[PDB]
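In: heads up, no residue letters with this:
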């Protein structure tokens, strides 16, 4: 109920969709002065400022990143590495964090909702949704996250389908 | 009144539009395990399953056809060859079948409504609208239909304009 | 207030926005039987009648221009050479005319604001906005206009922005 | 409707239809003491005295001028050259005169209503309608008229059809 409204209020201005002949196939992320955007989602950036840049690539970590200018670094997402197990907020409701794995209940999940960040009860991004795999009743996510040392860890289960 | 509501209830899930940079220019048809789609309507299929296939072509009969998989063959249109003369249901109201010819009263008919199937009082597809020609007050249709033997007959009046 | 509403009634009929991939970049004006389009604005005019017409270019005055078809010639704007000082109308409120300089109170005027015809106290076009600069607490504009002889005159302040 | 009563009551005495097989093709006008009749209109004058004349041809201006007998020189239209902008009183209502061009709202104007005079608010002929073209929502007219020098001037828009 109110969780989706809080997601729409937090991700209103900072989330920009990716257009491809009128089709919405992905979402970029503006956090820490960096613009995260995946490889398989191909299209034009809806924002005029973020589209006229050059994104350095990382095909192993499946991420394109760029440098957000200084006049927009205050209006970004927050990020942290301290995260316990339990529940977190996602755009379609809740997501479970168990044994270092993000799980989403079934019914939701198609092609197009790639790049949506995972939020917490305070308002900090803990993961970035990149893919998903159907596991019985409860699907698992293939995402990226950080740690205490500062190494971007990409978690990928078996036989995932890119969204 | 209720005829357009019955057309919208029957053609809700089985009719998929064709997109071309946000413009709706045609409609495919899923009937008999086959995906009918014309030549002159060019664009991407809005459905994700039907777009990732290969359609065999027939330029003389003006039809591209493909094989719908077995998990969707039950959710198709119905088709028959037994047709009398008189009235039939169409998306913009009624259509007259006289002397083996489909006629539509004027006022309706533009570029974009190509591929809409013609239904009957029971719910079976009897023809597929491909083109139209303005004849006095009452326009004629250039369509395809079947017969008792099983030969796809394409009926085309003189000086038609493709929609 | 009141002034903007009759301007909206005029712009709904004859001022046509351009179609960039998701947004509006500029506005084509149809005045006196001659379609006008700015150069730095790139896209497609919404009418399929006004899209097919090939435009001649005038790089000194920053405007493509083409010939209007004969049916559309009565449904055009009107143009006036004589402009006294005071207040004129515009889509975003009012515009001051002082010492031959169309100036606008600030906060309005950004990207996607190009080709909007400045109207008068009768409904005739006296200028066409191409951009402007923020002159302190009040922004001035860079318009083309007309004089008594029939000579298209462009005025542009220092370091204007192509909107 | 009050101006059309004035036009009909002035045309009841001084306007003569040119009938071919009973069908109206045009109107002879007796203005200023000389008979006027267009070229392309075929038939004979309804008045018996005017039909037995030798009309001198003038093929450029689409007119066939004649002379009026002395007993009929007082029963003629008066005319003028003076024409400010605004409205004038045609046979079917009003006619706009802007930028040196007579325009009628559309629909009216077919084969037959040629040679009709255009009156002013005083009761003087300022133009003689020959033909016109439909510029969409308003029809420009091809007329002959006079000027301050005393010279017959014909105005002709593009692609005018002879009425």
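Out: Okay, I see it. Numbers count the residues shown, from 1 in each chain, chains lettered A, B, ... in the order given.

In: wait, what's in contact with residue A:130?
Out: Each residue near residue A:130 by C-beta atoms under 8 Å, 6 or more residues apart in numbering or on different chains is listed here: A:38, A:62, A:114-115, A:141-144, A:162-163. C-beta here means a position set from N, CA and C on the backbone, and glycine is covered the same way.

In: mind listing which of these are in strands?
Out: A:141-144, A:162 (DSSP state E).

In: columns distance to chain D on top of those, output as CSV?
Out: Below are the ones in strands among the contacts of residue A:130 laid out as CSV (distance: C-beta to the nearest C-beta, whole Å):
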residue, distance to chain D
A:141, 60
A:142, 60
A:143, 60
A:144, 60
A:162, 53
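
In: before we move on, back to that, between the contacts of residue A:130, which is nearest chain B?
Out: Of all the contacts of residue A:130, chain B sits closest to residue A:163, with 11.5 Å by C-beta to the nearest C-beta.

In: is the closest one in contact with residue A:108, as I believe?
Out: No: look at residue A:163 against residue A:108 with C-beta atoms under 8 Å: they stay out of range, at 11.2 Å.

In: contacting residues for the residue of chain A found nearest chain D?
Out: Closest to chain D within chain A is residue A:22: 32.6 Å, counting by C-beta to the nearest C-beta. Residue A:22 makes contact with B:19, B:21-22, C:22, according to C-beta under 8 Å, 6+ apart.

In: give me the PyMOL select line for the contacts of residue A:130, limited to the buried ones.
Out: In PyMOL, a selection of the buried entries from those looks like this (16 or more other C-beta atoms under 10 Å in any protein chain shown):
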select buried, chain A and resi 38+62+114+115+141+142+143+144+163
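
In: now the contacts of residue A:130 as JSON lines including distance to chain C?
Out: Below are the contacts of residue A:130 laid out as JSON lines (distance: C-beta to the nearest C-beta, whole Å):
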{"residue": "A:38", "distance to chain C": "20"}
{"residue": "A:62", "distance to chain C": "26"}
{"residue": "A:114", "distance to chain C": "19"}
{"residue": "A:115", "distance to chain C": "18"}
{"residue": "A:141", "distance to chain C": "29"}
{"residue": "A:142", "distance to chain C": "29"}
{"residue": "A:143", "distance to chain C": "28"}
{"residue": "A:144", "distance to chain C": "28"}
{"residue": "A:162", "distance to chain C": "24"}
{"residue": "A:163", "distance to chain C": "22"}
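
In: now the contacts of residue A:130 in TSV, with distance to residue B:129?
Out: Formatted as TSV, these follow (distance: C-beta to C-beta, whole Å):
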residue	distance to residue B:129
A:38	41
A:62	46
A:114	38
A:115	41
A:141	45
A:142	45
A:143	48
A:144	50
A:162	38
A:163	36
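
In: and of the ones in strands among the contacts of residue A:130, the nearest to residue B:86?
Out: Closest approach between these and residue B:86, by C-beta to C-beta: residue A:162, at 52.8 Å.

In: just want the residue of chain A that's nearest chain B.
Out: In chain A, the residue that lies nearest chain B is residue A:22 (4.0 Å; C-beta to the nearest C-beta).

In: residue of chain A nearest chain C, please.
Out: Closest residue of chain A to chain C, C-beta to the nearest C-beta: residue A:19 (5.6 Å).

In: so which bits of the helix or strand hosting that residue are buried?
Out: Assessed by DSSP states H and E, residue A:19 sits inside strand A:17-20. Residues A:17-19 are the ones in strand A:17-20 that count as buried (16+ other C-beta under 10 Å).

In: got it, and stretch A:40-54?
Out: Neighbour counts over stretch A:40-54 (16+ other C-beta under 10 Å) mark A:41, A:43, A:45-46, A:50 as buried.

In: near chain B, which residues of chain A show up?
Out: Residues of chain A lying near chain B by C-beta under 8 Å from any C-beta of the partner chain: A:21-23, A:111.

In: change it to 7 Å
Out: A:21-22, A:111 (C-beta under 7 Å from any C-beta of the partner chain).

In: what about the closest residue to residue A:36 other than its chain neighbours, neighbour count?
Out: Distance criterion C-beta to C-beta, 6 or more residues apart in numbering or on different chains; nearest residue to residue A:36, sequence neighbours excluded, is residue A:29 at 4.3 Å. By other C-beta atoms under 10 Å in any protein chain shown, 25 other residues sit near residue A:29.

In: redo the buried residues of strand A:17-20 as CSV? Include distance to chain D.
Out: CSV is the format used below for these (distance: C-beta to the nearest C-beta, whole Å):
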residue, distance to chain D
A:17, 41
A:18, 43
A:19, 37
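
In: does the residue nearest to residue A:158 when sequence neighbours are not counted have beta-bridge partners, and which?
Out: Spatial nearest neighbour of residue A:158, excluding adjacent residues (C-beta to C-beta, 6+ apart): residue A:133 at 7.0 Å. Beta bridges link residue A:133 to residue A:140, judged by DSSP bridges.

In: tell me which other helices or strands the helix ranked longest in chain A touches.
Out: Scanning chain A for the helix with the most residues, using DSSP state H, yields helix A:2-10. Under the contact definition 3 or more C-beta pairs under 7 Å, 6 or more residues apart in numbering or on different chains; DSSP states H and E, helix A:2-10 sits against strand A:86-90.
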